[PDB]
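Just the one chain here, the form deposited in one PDB entry, laid out as structure tokens.
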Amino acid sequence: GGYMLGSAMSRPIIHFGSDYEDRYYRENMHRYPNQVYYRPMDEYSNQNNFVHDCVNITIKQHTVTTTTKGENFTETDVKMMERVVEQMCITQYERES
């Protein structure tokens, strides 16, 4: 509490629209979460709300465990995690309704 950790999900291919990012993603995606943290379902006005919070908290928690371990997430990383963690939070909000 107040957060909960969801079960792990299979990684989607995600196409980012440019040759450089697709390659970048494929090479760095192992560094990103494959499961999400969230607050209970009865604490949000909607999906959009849940998802916003699930994405921020998760990247923050994920960013903290990686830094202790050294290394950093860059802006592309941060950009790509949001997209993919967003996808994941959405599947999770669905598993609840």
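Start at 1 and count along the sequence shown; that's the residue number. Only residues modelled in both forms are compared. Rigid core (definition): largest C-alpha set, two forms, superposition within 1.5 Å.
The following text describes the form deposited in another entry, which does not appear among the structures shown.
Would you say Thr68 moves between the shown form and the other one, meaning its CA shifts by 2 Å or more once the core is fitted? Yes, shifts by 2 Å or more.
Considering a change of 3 Å or more, are the Cα atoms of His52 and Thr74 closer or farther in the other entry than here? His52 and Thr74 sit farther apart in the other entry.
Do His30 and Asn72 move together or apart in the other entry, judged by C-alpha distance changing 3 Å or more? Nearer in the other entry, by 3 Å or more.
After a core superposition, which runs of 3 or more consecutive residues shift by at least 2 Å in C-alpha position between the shown form and the other one? Run moving 2 Å or more: only 66-97.
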